[PDB]
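Below are two forms of the same protein chain, given as structure tokens: structure 1, then structure 2.
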Structure 1
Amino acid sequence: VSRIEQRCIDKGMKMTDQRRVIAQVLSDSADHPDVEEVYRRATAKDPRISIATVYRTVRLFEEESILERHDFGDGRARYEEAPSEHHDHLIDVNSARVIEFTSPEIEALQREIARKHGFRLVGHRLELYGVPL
């Protein structure tokens, strides 16, 4: 059971082996594949998987908030597993590009702010807005 497949099972989504292959490809990918790469890797596994099935499945994984479709800085639609906790966002105000980041350091300070006011931190939303240097 791949992470993406596990996510599908939680959503009560219909799964078949072709959808499982696509889920596995997305889960095993070291990069953030575009649809062409998902297709190439999925058909390398089972050549019966059509390009249409790949588009349909990735879109479904999007619509069920299992995958995020994201521009990592190349203007391409690339796919990533939607994380267990939301990534923080740094927005380029000149282009509207979103840089997703994680900061265990900021998280530690967030916990301290919650603790000092007598709270357990249960979540956060952080947006940063920047202009390119």
Structure 2
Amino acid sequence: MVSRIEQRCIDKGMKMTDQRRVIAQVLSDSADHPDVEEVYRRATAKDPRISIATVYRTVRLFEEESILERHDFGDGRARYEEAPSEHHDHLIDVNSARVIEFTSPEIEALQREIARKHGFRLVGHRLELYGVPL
């Protein structure tokens, strides 16, 4: 039983250490959007072998190899998730900072349209919605 992230690391050629074994596990099982501090605590939980730097290094390695997506919702720290199958954007509840994920290709179309109407091709974007519940 290898985590979906672990499998991707193997197929990419990466050396599989004990600490990389767990950090992959952690981020394959994380439903939310943990920060480096939290990915550490969760990894350090499943085995006290890992250090902080290893987690910083490993999460940067993964993001560079398109395994994780980085996020800077604006908390002073960077947050990560396992690269999903299809692109989604993020709805953030300004009351609890819990996160809802949405799609809407209609916006995605309009974005490309807006980029084209300025001389540009769209290489990347970032859409955060902030809202209170009813």
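Sequence positions of structure 1, starting at 1, serve as the residue numbers. Here the rigid core means the biggest group of C-alpha atoms that line up within 1.5 Å when the two forms are laid on top of each other.
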Superpose the two forms on their rigid core, then report whether the C-alpha of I99 is displaced by 2 angstroms or more between structure 1 and structure 2.
yes
Treating the chain as two rigid parts, how many degrees does the smaller one rotate relative to the bigger one between structure 1 and structure 2?
66
If you line up the core, how far does the Cα of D46 move between structure 1 and structure 2, in Å?
1.1
Rigid-core-fitted C-alpha displacement of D28 between structure 1 and structure 2 (angstrom):
0.9
Once the rigid core is superposed, tell me how far the Cα of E127 moves between structure 1 and structure 2, in Å to one decimal.
13.7
